[PDB]
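What follows is a single structure, written as structure tokens, with notes after it.
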Amino acid sequence: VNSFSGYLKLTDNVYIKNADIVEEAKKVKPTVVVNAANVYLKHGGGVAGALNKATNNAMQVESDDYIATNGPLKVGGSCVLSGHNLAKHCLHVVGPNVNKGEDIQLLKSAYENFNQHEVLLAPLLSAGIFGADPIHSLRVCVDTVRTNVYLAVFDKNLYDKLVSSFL
Ligand SMILES: O=C(O)C(=O)Nc1ccccc1
């Protein structure tokens with residue numbers, strides 16, 4: 001049994017809810033929240049900007065030190081950093097950004113990072129300002145992630161479209 005409430009069950013392991021991931025993280029304090037990161041961990045907008053704002057910029061300070069030591073992530077890659085006031089840990093995952101011309105086949109690689117964690121609160125990778133089709137992102141998630149994932153979709157129309165169209 002876990003703390004997650006109000007989710008629709010899509011599969012054995014994937015759950016979905018219309019929710020603000022920031023507000024959901026603050027309520028649940030999950031072991032892992034996933035960030036929709038870029039390779040530079042520059043948390044300017046979208047999910048990343050919202051998560052970072054909720055940490056009062058502490059996520060960005062920590063991220064800048066990580067990049068100064070390790071250099072940029074790979075598209076499709078990830079790193080584990082603090083969850084600050086939102087979660088125990090933040091898994092920063094880089095999905096391909098279609099608005100930069102990145103290979104959408106890298107979306108499966110991105111979701112494979114989730115399999116290193118038994119339970120996660122996450123957004124749909126490469127959705128929103130990353131430019132991918134969220135329907136496609138949900139299909140790759142279901143067909144790639146084997147651990148227990150609680151998805152938060154930001155829009156109410158979008159959520160309803162993802163559920164209605166789910167095979
Ligand atoms: O990825 C999401 O969770 C999301 O809601 N994307 C979105 C938001 C606003 C307009 C279109 C897509």
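Numbers here are sequence positions counted from 1. Computed from heavy atoms alone, side chains included, the values below leave out hydrogens, waters and symmetry copies. Atoms within a ligand are numbered from 1 in the order they appear, just like the ligands themselves.
- Considering only residues two or more places apart in sequence or on other chains, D65 meets the salt bridge (charged side-chain N to carboxylate O under 4.0 Å, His left out) condition with none of them.
- Within a 4.0 Å radius of atom 10 (C) of ligand 1, the protein contributes no non-hydrogen atoms.
- At the top of the distance list for atom 3 (O) of ligand 1, counting protein heavy atoms only, stands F154 N, 2.9 Å.
- Atom numbering of ligand 1 starts at 1 in the shown order; those under 4.0 Å from a heavy atom of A127 are 1 (O).
- For atom 12 (C) of ligand 1, the choice among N18, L158, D155 with the nearest heavy atom turns out to be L158.
- Using a distance-only test at 3.5 Å, with no hydrogens or angles considered, a donor-acceptor pair links the side chain of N52 to the main chain of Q60.
- Rounding to the nearest 0.5 Å gives a distance of 8.0 Å between CD of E62 and NE2 of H43.
- The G128 neighbourhood of ligand 1 comprises atoms 1 (O), 6 (N), with distances under 4.0 Å to a heavy atom of that residue.
- Judged by the shortest distance from any of its heavy atoms, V153 lies inside the 4.0 Å radius around the atoms of ligand 1.
- To the nearest 0.5 angstrom, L81 atom CG is 6.5 Å from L41 atom CG.
- Judged by distance alone, with hydrogens and angles left aside, the side-chain atoms of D20 form a donor-acceptor pair with the main-chain N or O of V22 at under 3.5 Å.
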